[PDB]
K.L.:
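Handing you a structure now.
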Amino acid sequence: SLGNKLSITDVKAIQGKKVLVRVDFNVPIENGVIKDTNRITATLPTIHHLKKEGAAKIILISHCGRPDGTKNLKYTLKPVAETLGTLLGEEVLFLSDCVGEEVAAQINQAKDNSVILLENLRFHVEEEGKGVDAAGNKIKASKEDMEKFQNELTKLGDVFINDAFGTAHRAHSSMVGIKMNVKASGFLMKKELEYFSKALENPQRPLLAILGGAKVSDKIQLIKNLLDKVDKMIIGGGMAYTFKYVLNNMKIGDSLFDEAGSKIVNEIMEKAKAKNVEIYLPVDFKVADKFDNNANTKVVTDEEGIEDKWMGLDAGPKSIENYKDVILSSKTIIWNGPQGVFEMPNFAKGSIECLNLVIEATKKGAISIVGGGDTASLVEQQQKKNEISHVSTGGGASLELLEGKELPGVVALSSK
Ligand SMILES: O=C1N[C@H](c2ccc([N+](=O)[O-])o2)Nc2sc3c(c21)CCCC3
């Protein structure tokens, strides 16, 4: 279950407690300078809530870069402590390690109600469970090593707040080994769980999945899992040409073709029929004579097909008109994939109309969730993030969740 997890807002006893908070501070750092502070800014509602509620100590644990289980100062979290301090308007204590008596002494000696950032968790092979030493030899933590490290992290505080949904798909020590009585989601994790639970667990129906992207192969697990949940599914973008070729022997010219994924198309269609799911593939396409925004273009239907040396780059006008009834009649929408080469403005029309229809359905009461990177990029480029119910920032964890995979960091939270 996703929606029955204890959240930071449910936690009554915070005043005077040492609160351990797992955060996502995996930010790009160039010569000690943080190039993108968004992940740090995103944690401010969690930190402020714990400050306002009077926690004795706010102890932040995280990782960044690729230390691979040994201390590698290239991936030190020291600059993050400086940046966070500036954003909070107070000094953030930075510690050289994340476990041990010295760390415990420094935390206890620190000013009441203050924020402490401990060193990169992944400097310890026990965080990921395996790594590579400096020489390049594979290293592995034994069961006992793992248990010791997790007991050392548990000893840091009294209450655990997991605000790193982006790592919750990993069975890592800070995700599954912090055995405090209260283990609750932070504000970021809380919103991720609340909206994915709304979408996948007893949703307001019809439930629609809008899938898109270049290939079929990397989306097989996602499609098959969503066919167990949804009422309707739009399949678009570059992956649609493989479907058109297999199902209708449509000529696709030089359009993308997924050789390995083509072998699975019938299984997917057979599963949608078995699950009583309505599939909506495009029936026309905007075709180009070159892979370029300034190519000569025209619209071709799925009956005409695509001539040799031409390529389909976006859904056609009839396909776009077909989105209206499908999207506007849906009460829950999970969108994971643009419907064309949106990076090229002339091939963005299908994805933009899809976005406008999703916004309209949301305004009328539908719950809209945007899953991954490219769709999130389109929403950001169009400046419409405030018009979608939830735009996930979970990256790999969001994709695993939608594929129906177990999220060990979510499983490890306390129940409500
Ligand atoms: O790299 C490519 N991706 C695009 C793509 C992604 C999504 C869609 N869509 O049509 O929606 O098409 N389509 C083609 S043709 C093509 C390429 C791509 C590479 C060079 C040869 C011709």
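Heavy-atom basis, side chains included; hydrogens, waters and symmetry copies ignored. Positions are given from 1 along the sequence. Order of listing sets the numbers, starting from 1, for every ligand and every atom in it.
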K.L.:
Give the numbers and elements of all ligand 1 atoms closer than 4.0 Å to a heavy atom of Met311.
P.N.:
15 (S), 16 (C), 22 (C)

K.L.:
Please work out which of the three classes, parallel, tilted or perpendicular, describes the rings of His390 and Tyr195, given edges at 30° and 60°.
P.N.:
parallel

K.L.:
Return the CG to CD1 distance between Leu50 and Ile8, rounded to the nearest 0.5 Å.
P.N.:
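One gets 4.0 Å once the value is rounded to the nearest 0.5 Å.
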
K.L.:
Could you tell me the residue and atom name of the protein heavy atom closest to atom 10 (O) of ligand 1, and the distance to it rounded to 0.1 Å?
P.N.:
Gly312 O, 2.8 Å

K.L.:
Could you tell me whether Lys215 and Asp258 have a side-chain N and a carboxylate O separated by less than 4.0 Å?
P.N.:
no

K.L.:
Suppose I only count heavy atoms of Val341 and a 4.0 Å limit; which atoms of ligand 1 are within that range?
P.N.:
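By the 4.0 Å cutoff, the relevant atoms are 4 (C), 5 (C), 6 (C), 7 (C), 8 (C), 11 (O), 12 (O).
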
K.L.:
Considering the heavy atoms of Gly237, write down every atom of ligand 1 situated less than 4.0 Å from one of them.
P.N.:
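Listed by number with element, the hits are 9 (N), 11 (O).
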
K.L.:
Right, does atom 2 (C) of ligand 1 have protein non-hydrogen atoms nearer than 4.0 Å?
P.N.:
yes

K.L.:
Please could you name the atoms of ligand 1 that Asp254 approaches to less than 4.0 Å, counting only its heavy atoms?
P.N.:
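So the atoms of ligand 1 that pass are 15 (S), 22 (C).
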
K.L.:
Of the side chain and backbone of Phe285, name the one, both, or neither that has a heavy atom under 4.0 Å from an atom of ligand 1.
P.N.:
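Near ligand 1, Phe285 shows nothing, with every heavy atom at 4.0 Å or more.
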
K.L.:
With the threshold set at under 4.0 angstrom, would you say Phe347 reaches ligand 1 through any of its heavy atoms?
P.N.:
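Judged by the 4.0 Å heavy-atom criterion, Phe347 does not count as contacting ligand 1.
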
K.L.:
Can you tell me the protein heavy atom closest to atom 11 (O) of ligand 1 and the distance?
P.N.:
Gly340 CA, 3.0 Å

K.L.:
Distance to 0.1 Å, residue and atom name: give those for the protein heavy atom nearest to atom 14 (C) of ligand 1.
P.N.:
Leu256 CG, 3.7 Å

K.L.:
Given side chains that start at C-beta, do those of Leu6 and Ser415 come closer than 4.5 Å, heavy atoms only?
P.N.:
no

K.L.:
On a heavy-atom basis, I'd like to know which of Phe291, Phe342, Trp310 is closest to atom 19 (C) of ligand 1.
P.N.:
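The nearest heavy atom belongs to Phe291.
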
K.L.:
When the aromatic ring centroids of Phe257 and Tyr245 are compared, is their separation below 6.0 Å?
P.N.:
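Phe257 vs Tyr245: aromatic centres under 6.0 Å.
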
K.L.:
Identify the protein heavy atom lying closest to atom 7 (C) of ligand 1, giving its residue, its atom name and the separation to 0.1 Å.
P.N.:
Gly238 N, 3.3 Å

K.L.:
Compute the ring centroids of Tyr280 and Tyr323, then answer whether they are less than 6.0 Å apart.
P.N.:
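Ring centres of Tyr323 and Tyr280 not closer than 6.0 Å.
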
K.L.:
Between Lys251 and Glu307, does at least one N-O distance fall below 4.0 Å, as a salt bridge requires?
P.N.:
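No, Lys251 and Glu307 are not salt-bridged.
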
K.L.:
According to salt bridge (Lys or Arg N to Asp or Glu O under 4.0 Å), who are the partners of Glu82, at least two apart in sequence or on a separate chain?
P.N.:
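For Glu82 there are no salt bridge (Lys or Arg N to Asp or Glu O under 4.0 Å) partners, ignoring immediate neighbours.
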
